[PDB]
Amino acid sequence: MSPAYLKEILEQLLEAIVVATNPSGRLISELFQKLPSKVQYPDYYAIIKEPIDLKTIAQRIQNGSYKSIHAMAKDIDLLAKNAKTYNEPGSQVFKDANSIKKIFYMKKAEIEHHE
C-alpha cells in the first residue's frame, strides 16, 4: 500500500470508532478523545505507564507515523488496555473500551476482506 492509500484506510477505521453509538444514542468514543487532566486525575498517570487517546492516534494518522494497519491496531489495543486497567470491570468506561476494540476489528475485517 502507498502511504496515501494506507491513510485513507486508517481514517475510515478511526471514523468508525468516533461515530459509533449505543442503542441509547450515546457516542461511546467520547470519553477516549482526550486523556484526563494530569492535575485533576494524577492517579491515572501513576498507574498508566503509556497514556494514549484518540486525539493522539488521529495525529499519528496525519503524521504518517503508522506504516501498517497493525501499528494503529496496537495503539487501539493499548488505549483499551489502559482504560480497562484504570476502570473497574463492568464499569461503563471498561465496557466502552471493549466496544471500541470490537468496532475497530469489525471494520478492519470488512475493509480487508471485501471483494
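Each form is matched to the other, and the largest set of C-alpha atoms that superpose within 1.5 Å is called the rigid core. Just count from 1 along the sequence shown to find any residue number.
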Higher-deviation segment by CA RMS in 4 other deposited structures of this protein, core fitted, 22-30 or 50-58: 22-30
Mean temperature factor over C-alpha atoms, higher-scoring stretch between 49-57 and 86-94: 86-94
Mean C-alpha temperature factor, higher of 33-41 and 74-82: 33-41
Ranked C-alpha temperature factor of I17 among modelled chain residues, by third: middle
Third of the chain's Cα B-factor distribution that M1 belongs to, per the entry: highest
